[PDB]
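Positions of Cβ are backbone-derived with ideal geometry, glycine not excepted, and every protein chain shown enters the neighbour counts. Each answer follows from the model by the rule given with it, or from the source it names; no laboratory instrument gave them.
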Amino acid sequence: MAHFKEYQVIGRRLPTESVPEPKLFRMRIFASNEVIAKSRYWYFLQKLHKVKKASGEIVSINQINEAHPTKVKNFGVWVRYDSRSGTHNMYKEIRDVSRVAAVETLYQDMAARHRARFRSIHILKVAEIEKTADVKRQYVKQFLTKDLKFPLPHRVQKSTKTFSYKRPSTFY
Amino acid sequence: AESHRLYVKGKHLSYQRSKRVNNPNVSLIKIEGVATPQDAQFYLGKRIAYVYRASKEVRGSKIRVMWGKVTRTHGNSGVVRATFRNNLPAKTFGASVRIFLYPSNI
Amino acid sequence: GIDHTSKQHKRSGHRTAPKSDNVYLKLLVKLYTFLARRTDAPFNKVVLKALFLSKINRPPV
Amino acid sequence: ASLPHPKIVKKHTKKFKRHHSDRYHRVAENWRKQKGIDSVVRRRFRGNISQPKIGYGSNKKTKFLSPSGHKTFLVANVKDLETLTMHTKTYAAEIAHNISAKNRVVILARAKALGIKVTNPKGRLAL
Amino acid sequence: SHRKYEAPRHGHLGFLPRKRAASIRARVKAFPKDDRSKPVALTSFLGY
Amino acid sequence: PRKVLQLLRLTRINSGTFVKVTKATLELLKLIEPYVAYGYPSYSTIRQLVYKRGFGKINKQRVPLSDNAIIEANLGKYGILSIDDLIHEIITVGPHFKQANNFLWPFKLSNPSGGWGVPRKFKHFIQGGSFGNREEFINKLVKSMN
Amino acid sequence: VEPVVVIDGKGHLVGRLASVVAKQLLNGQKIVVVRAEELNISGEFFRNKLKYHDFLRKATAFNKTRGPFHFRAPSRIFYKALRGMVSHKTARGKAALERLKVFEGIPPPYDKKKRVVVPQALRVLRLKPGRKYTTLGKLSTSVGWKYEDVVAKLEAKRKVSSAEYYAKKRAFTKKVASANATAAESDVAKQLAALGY
RNA sequence: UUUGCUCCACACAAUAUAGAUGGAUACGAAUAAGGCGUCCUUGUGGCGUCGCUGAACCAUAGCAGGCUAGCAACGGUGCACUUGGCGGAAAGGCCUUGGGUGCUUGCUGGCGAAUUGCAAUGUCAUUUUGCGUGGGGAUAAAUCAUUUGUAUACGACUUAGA
RNA sequence: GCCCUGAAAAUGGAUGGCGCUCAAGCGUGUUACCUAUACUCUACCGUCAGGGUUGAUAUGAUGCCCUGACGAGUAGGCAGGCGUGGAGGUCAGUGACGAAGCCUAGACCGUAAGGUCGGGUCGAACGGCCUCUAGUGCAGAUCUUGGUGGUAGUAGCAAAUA
RNA sequence: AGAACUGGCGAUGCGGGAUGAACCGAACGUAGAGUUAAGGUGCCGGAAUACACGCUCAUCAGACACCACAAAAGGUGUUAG
RNA sequence: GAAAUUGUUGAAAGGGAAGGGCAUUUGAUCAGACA
């Protein structure tokens, strides 16, 4: 929906006089700011426990940064999306540099190939793939080969002026 | 020498307008060489003179000059807005206009 | 645009000057207008409102 | 030579002409408000003529002032011209249209000896 | 609706407009295509 | 929602007022959510609002503050006698918040200088619009309108 | 910049070049378009052929001589696409159409002038490799253009006279490139190189 | 039909403008490829180099550009002539020869500017016509009327007549 | 998911048009930019509301001054004014040295209804103000009466033998 | 055709939907300056032929709410699962 | 001796209507203050 960030949100749902010290639930939220991270927190607790925003409160919200933001990783993403007719589960693999960048590619990929908007996508689990030969997708295994070299034919050199006095060349 | 130009050439494009309603009080000038609003900030406040010809010789000449100035930028392609003392006759759409260097801030 | 709650440009609905053309009555209005403006006494303000009343609003005593 | 006054603005220098006054000869140029149920002038459509309203009123400081800065006053003889001797910098005398030519040379002679400006000094002048 | 029955068109539409000719002598709009092997000769003639 | 907006002294677009957060006022805000944008202001945006758009209500007149004596004349009985005492009464909600907030005329703000930041304005801020509950990011949008 | 701009129409698109030129004409600039028979349209040949047959059948019912005119020349097909991007029914648009000249091939004196290209409308910088395209000269012949061979015969004659001009121009600039090289390794050349020249 | 008409050199008046103010600076073709230089057995050849913008190149100093002196070069350029060749798609242009003459900022000099008074485009285009200059040049047609019928409502058309 | 088949109506044809194919199409994201009689600030007009001010020797207390807010509108209501015929009073008003009327891409004042002036024409009465009075304001009613147009030098002026 | 709640048109212009009494934005004294709404930024047309990830080739492609129509059923066309 | 309508002269414009609003150029014309 915007440039994403990763947050952790903790619930408490309010301790009554009968039951003190509640279970202090927690999950991880991919959102743009702290406004939507709290909103998406209560969206999933109403799908798992007898709780709403009026019966609970937010304990702590913290932004989770990438441990190694300068390392290319292979991620396995499980999603639950709603199509025009029924709900289906899907597992996708994205090769990127960080957890928050793989989510950005996933939302653009799901909207382009399946016409699924942000409101119809559930992020079940994102996990780094530790070892090679576990990548079951063909569009990621191509970049894991030894000594990967490939050209970029037909360079489209963007110009600024409206009229050019030379015939352009697309060499590389 | 062979060149005595102390001004920057410009082009009167059109009035400040909506899709169907135009305002003749504000004119848009396209400066040759300017393609960025950041580069168009240098020309803010510079005097603009439109030179045209007339049939009747009033003060020993048949050339009359209409004066103006640069107010602000317009768009993302270096187009600037200009307000003249008297509005342009709307028949100069695409005509060349002169943009001077004074008042210079250099 | 202002969401108006009351009626705009609504008059007070009270008389501020007598409708009569009596020049002697207007002299008493001129005299008592000065008195109620510069004494801060509640008596003088009643007289101005009583001097603006119509014939049916001033029954004989 | 009048009193220093602020620069006079009008906010509308055009005459207000009636709708379809140039289409038919039976319709005079005097302004008449349109009472039609389907009139585009009454409904204030775009591209039509403008109607007079209270927003076009002139400044009270410069109201009724001539471009020279004086106020126009009608003068018929020598007696009413003598009422403007103490108000020279505010009012300007104007001779009426029905004054004879032999009486205008007495009005103009008295006005010059008093300093009162005359708006139409060339009326019925023998030259 | 349909006519009542189908009938052929009256006249030829290619001969339009049927106006007076611009001159008493009719123009030669086309000539036979040239053959380089043949000798030089005329393609038309004028008579009464 | 029309009656609720008239009870918050929001009679025109881009009008602003301070509301004490209680149980009764939180239910008032949920009724007019698709028409208002609210949030928690900081000290910097509250201080700049009173200095630039601060107007008092004296005898049904919109009198600019412009001086510490006019605030002392009309609000001096409840302690406040300067322009900072009124500001302190706002951000620190004390026993005289109702009289201090009602003394201030409703704020007349302009359109934001950098735009609203969204292609469409009449959506929820969670869904990508501008209305609804919008916390401390509200200081960015208020200062642009001021 | 130039008073008259001569644009080589080879390898360009119809709609992308027409929109660039139409905006330049309204700004007071004279443009001459040459070699309009080598202009390109995206899509295969038979798509644009059917796109002309459905335009060809649009005519006034009661009088075919006052309906839409279906010009067949490549210089007029490009003119039709450019006329629709300019408000030609007003006086401002009428004057802008006198600043444009479009020809098949390269005519007289514009033959000895410098021709420019538009990078925003070139077929090599816009279309993805593998997409099918058609040529305006081949499309115009299939719809009734009678002078495809005449322009092609005259264009081959021009290239022979243009190749011999470049043969002596390239030989002349080799002598100039050797003269200033001998003028290098001199004290007046180091001072120019220190100033970035 | 009162010496009119035409081309050329300039003279004065007007007249009109979709908009001059250093230079429209000429290979063709390809784009999963080319330009240039060089060499050879001249090829779909070998080698070197270039691109990644015209942000280039040429031109550019002087009372909008004066008056004069010298040095070094035998170049560069303007102008009116002159010689030859090429170009028909709308050629109306391009290349080249011979001198004459002017300038040269390639280098070194000597005088001149002011008062237009603190900015007011500071005038530097070609378009046509008209009236007066003179150096050459050329001495017609059409229409109506009459007449004809291959034509025809009327015009038009086709003919004829010193 | 997209695309294609399924998918046939009659004047020629409409994503608004041109046109667009790593889009100028579709899904989605990040910013920049365009501007409504909307919002903010300032001036002016009017309205409404709250106040200030009778002190003489200089003139309006329905007056003057200060502050704040507001301004859409048919049917309809109310208020303030412009204009016409006549009547009482007044200006010891205007006028044969030219009253009234008429003409005037001439001028001035008022937001407007209107008023005033210059010039031309004209020939005997007319106006300002304070009040009274009414047969008091026209673009329409297939309105009334009178006059004049386009059609238009058009239709037509061809029965009864000449 | 007939009801219920609310908002509008009628009685209302203005910006947008090419065009429209009801739709979207917003309601109107006279002007100036600045900022935006709805909607847009290839040209007509004022504003990025912006950036970024993908999908689609159509012998009747497609192109923006109200809105001016399309289905069941199929395709080893291609993409993802 | 008004208007409808018409002639002459003068000025201006005109590519399947004309007329209007905002803005300016051009042409014609007018005013002010010169203290």
Which listed residue is in contact with a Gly (Cβ under 6 Å, 6 or more places away or on another chain) and surrounded by 10 or more Cβ atoms within 10 Å (Cβ to Cβ), from G:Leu139, G:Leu192, G:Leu122, G:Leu127
G:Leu122
Given the conditions (1) away from every other protein chain (no Cβ under 14 Å); (2) surrounded by fewer than 17 Cβ atoms within 10 Å (Cβ to Cβ), report the number of the one that F:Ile90 does not fulfil.
(2)
Working only within the stretch F:108-141, note down all residues that are within 12 Å of RNA strand I (Cβ to nearest atom) and in contact with a strand residue (DSSP E or B) (Cβ under 7 Å, 6 or more places away or on another chain).
F:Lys108, F:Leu109, F:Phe125
Any residue at all in the stretch D:76-88 that's within 14 Å of RNA strand K (Cβ to nearest atom), within 20 Å of D:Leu3 (Cα to Cα) and either in a loop (DSSP other than H, G, I, E, B) or in contact with a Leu (Cβ under 9 Å, 6 or more places away or on another chain) (or both)?
yes
Where A:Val77 falls short, out of the listed (1) surrounded by fewer than 15 Cβ atoms within 10 Å (Cβ to Cβ); (2) under 30 Å from A:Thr132 (Cα atoms); (3) away from chain F (no Cβ under 14 Å)
(1)
Can you pull out the residues in the stretch A:130-154 that are surrounded by 12 or more Cβ atoms within 10 Å (Cβ to Cβ) and within 14 Å of RNA strand J (Cβ to nearest atom)?
A:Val135, A:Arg137, A:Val140, A:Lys141, A:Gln142, A:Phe143
Qualifying positions in the stretch A:111-135 - out of contact with any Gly (no Cβ under 9 Å at 6 or more places or on another chain) and either assigned by CATH to the domain that holds A:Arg40 or away from RNA strand I (no atom under 16 Å from the Cβ) (or both):
A:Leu124, A:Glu130, A:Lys131, A:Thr132, A:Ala133
When the stretch A:46-88 is examined, which residues are found to be in contact (Cβ under 8 Å) with a residue 12 or more places away in the chain, of a type outside the set (A, V, I, L, M, F, W, C) and part of a strand (DSSP E or B)?
A:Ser60, A:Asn62, A:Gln63, A:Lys73, A:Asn74, A:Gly76, A:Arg80, A:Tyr81, A:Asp82
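Picking from G:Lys128, G:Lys114, which residue would you name as being at the interface with another protein chain (Cβ under 9 Å from one of its Cβ atoms), out of contact with any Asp or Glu (no Cβ under 7 Å at 6 or more places or on another chain) and away from RNA strand J (no atom under 15 Å from the Cβ)?
On inspection, the qualifying residue turns out to be G:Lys114.
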Within the stretch G:160-190, tally of residues that are closer than 27 Å to G:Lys112 by Cβ and among the acidic types (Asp, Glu):
1
For the stretch B:13-46, enumerate the residues that are within 13 Å of chain G (Cβ to nearest Cβ) and within 15 Å of the chain's Cα centre (by Cα).
B:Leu13, B:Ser14, B:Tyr15, B:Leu28, B:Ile29, B:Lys30, B:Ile31, B:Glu32, B:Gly33
Single residue of B:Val34, B:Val65, B:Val51 found to be more than 16 Å from RNA strand K (Cβ to nearest atom) and either closer than 16 Å to B:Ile99 by Cβ or surrounded by 14 or more Cβ atoms within 10 Å (Cβ to Cβ) (or both):
B:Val34
Need pairs with beta-carbon distance below 6 Å; first residue away from chain B (no Cβ under 14 Å) and within the stretch D:1-26, second near RNA strand K (Cβ under 10 Å from one of its atoms) and not polar (S, T, N, Q); sequence gap 6+ or separate chains.
D:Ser2/D:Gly69; D:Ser2/D:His70; D:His5/D:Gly69; D:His19/D:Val41
Only unsatisfied item for A:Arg84, checking (1) exposed (fewer than 11 other Cβ atoms within 10 Å of the Cβ); (2) more than 16 Å from RNA strand I (Cβ to nearest atom), is (2)
Residue list for the stretch B:76-99, filter: of a type in the set (A, V, I, L, M, F, W, C) and surrounded by 15 or more Cβ atoms within 10 Å (Cβ to Cβ)
B:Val79, B:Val80, B:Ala82, B:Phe84, B:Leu88, B:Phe93, B:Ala95, B:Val97, B:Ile99
Out of curiosity, is D:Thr62 assigned to a strand (DSSP E or B), under 19 Å from D:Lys7 (Cα atoms) and touching a residue at least 12 places away in the same chain (Cβ under 8 Å)?
no
Go through the stretch C:11-60 and report how many residues are more than 14 Å from every other protein chain (Cβ to nearest Cβ) and not in a helix (DSSP H, G or I).
24
Identify, by number, the condition in (1) within 14 Å of chain B (Cβ to nearest Cβ); (2) in a helix (DSSP H, G or I); (3) under 21 Å from the mean Cα position of the chain (by Cα) that G:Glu37 doesn't meet.
(1)
Identify, by number, the condition in (1) surrounded by 10 or more Cβ atoms within 10 Å (Cβ to Cβ); (2) within 14 Å of another protein chain (Cβ to nearest Cβ); (3) within 16 Å of RNA strand J (Cβ to nearest atom) that A:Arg167 doesn't meet.
(3)
If we scan the stretch G:147-168, do we find a residue that is more than 17 Å from G:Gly15 (Cβ to Cβ), in contact with a strand residue (DSSP E or B) (Cβ under 7 Å, 6 or more places away or on another chain) and of a type outside the set (A, V, I, L, M)?
no
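Report, by residue number, each residue of the stretch F:1-47 that is assigned to a helix (DSSP H, G or I), within 14 Å of chain C (Cβ to nearest Cβ) and surrounded by 13 or more Cβ atoms within 10 Å (Cβ to Cβ).
Hits for the stretch F:1-47 are F:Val4, F:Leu5, F:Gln6, F:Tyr35.
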Count of residues meeting criterion [assigned to a strand (DSSP E or B) and within 13 Å of the chain's Cα centre (by Cα)] in the stretch F:48-65
1
Output the number of the condition that F:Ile83 fails; it satisfies all remaining conditions of (1) under 24 Å from F:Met145 (Cα atoms); (2) within 14 Å of another protein chain (Cβ to nearest Cβ).
(2)
The stretch A:15-39, subset surrounded by 12 or more Cβ atoms within 10 Å (Cβ to Cβ) and in a loop (DSSP other than H, G, I, E, B), residue farthest from the other protein chains (Cβ to nearest Cβ):
A:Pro22
Quick one: G:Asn27 ticks every box in (1) more than 10 Å from RNA strand J (Cβ to nearest atom); (2) outside any helix (DSSP H, G or I) except a single one, so which number is it?
(1)
Is there a residue in the stretch B:66-81 that is within 15 Å of RNA strand I (Cβ to nearest atom), of a type in the set (D, E, K, R) and touching a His at 6+ places or on another chain (Cβ under 9 Å)?
yes
Can you list residue pairs whose Cβ atoms sit under 8 Å apart, with the first residue in the stretch G:55-71 being assigned by CATH to the domain that holds G:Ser140 and the second being charged (D, E, K, R) and more than 7 Å from RNA strand I (Cβ to nearest atom)? Count only pairs 6 or more apart in sequence or on different chains.
G:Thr60/G:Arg66
Tell me, yes or no, whether the stretch G:72-92 has at least one residue that is over 21 Å from the mean Cα position of the chain (by Cα), surrounded by 12 or more Cβ atoms within 10 Å (Cβ to Cβ) and within 9 Å of RNA strand H (Cβ to nearest atom).
yes
